[PDB]
Amino acid sequence: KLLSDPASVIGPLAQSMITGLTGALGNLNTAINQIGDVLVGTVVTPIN
Amino acid sequence: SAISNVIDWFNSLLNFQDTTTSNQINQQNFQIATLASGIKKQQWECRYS
């Protein structure tokens, strides 16, 4: 069951357990926030 | 907050857009009117304006 369908057997787990998931989400959210902020000013260091 | 800031910036850009278009139309019409009107011959130089 763990090989085929790991849904029922494995319970809910925190995003922080996944490697780099929180980092990617934070990067995307910060990019969106910077996109919003630049249009009104508040000069900030660009992400990429 | 990012989407709200984008909304505000877009509204500001639209305001600038309409103001600039209105100013362009007004300036061109004013120049055309000034060119059309202007100096007219006095009464003694000729009868007609």
# chains A, B, ... in the order shown; residues from 1 in each chain; ligands from 1
call {"tool": "interface_residues", "arguments": {"of": "chain A", "to": "chain B", "cutoff": "9 Å", "atoms": "only C-alpha atoms", "output": "ChimeraX atom specification"}}
result
/A:32-40
call {"tool": "select_by_dssp", "arguments": {"residues": "chain A", "states": "alpha helix (DSSP H)", "output": "MDAnalysis selection string"}}
result
chainID A and resid 21:38
call {"tool": "atom_distance", "arguments": {"atom1": "CA of residue 6 (chain A)", "atom2": "CA of residue 18 (chain A)"}}
result
15.6 Å
call {"tool": "closest_residue", "arguments": {"among": "A:25, A:7, A:14, A:31", "to": "residue 44 (chain A)", "atoms": "only C-alpha atoms"}}
result
A:31
